[PDB]
């Protein structure tokens, strides 16, 4: 009857596999949850700069995106996308940094297109704290600030945020880690 024993064993094994995926998926979920921000500001910590940058060049991982952050408990859902080895006109020469609108559970109640002012910036871990950054007001005609249809809209930002040379030779990187900060203006919003 080992067939029966074996069948049962087989079933259990499949279950344990599912369980392992279920579990891992939750570790991820916890992580995202543990780093959520609802005031429209994001502080994204990227560890392993060297290794990651290399994965960029090689092309194993051209970009990285942050956990999601919000303008409020029930507001716009957004995240950041970075390219360690550059994108577009800055590929191979710059670090590209973009803003991303994601499909939020409450999009139906939020104003569109997205018109909140976004401020992209790379923090200087140096004692002078001369953080690099740039702000812009969404272009009302860009399909990037359109009411989401897919999980996330087309990212918008600066392909040439910083020269890779400037970066690596400045005091922005420290302990093989960098910090990206995004600031979305929420004042504009009347009383969402």
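Numbering follows the first chain given and starts at 1.
Per the record, averaged over C-alpha atoms, which has the higher B-factor: 139-147 or 37-45? Higher mean C-alpha B-factor in the PDB entry: 139-147.
Mean temperature factor over C-alpha atoms, higher-scoring stretch between 91-99 and 105-113: The deposited B-factors put 105-113 ahead on the C-alpha mean.
Among the choices 26, 56, 162, 64, identify the one whose CA B-factor in the record is greatest. Of the options given, 56 has the highest CA B-factor in the PDB entry.
Taking the chain's C-alpha temperature factors as the reference, tell me which third residue 14 falls into: lowest, middle or highest. Bottom third by C-alpha B-factor.
Split into thirds by Cα B-factor across the chain's modelled residues, where does residue 126 land: lowest, middle or highest? Tercile = highest for this residue's CA B-factor.
Among the modelled residues of its chain, does the C-alpha B-factor of residue 133 lie in the lowest, middle or highest third? For residue 133, the deposited C-alpha B-factor lands in the middle third.
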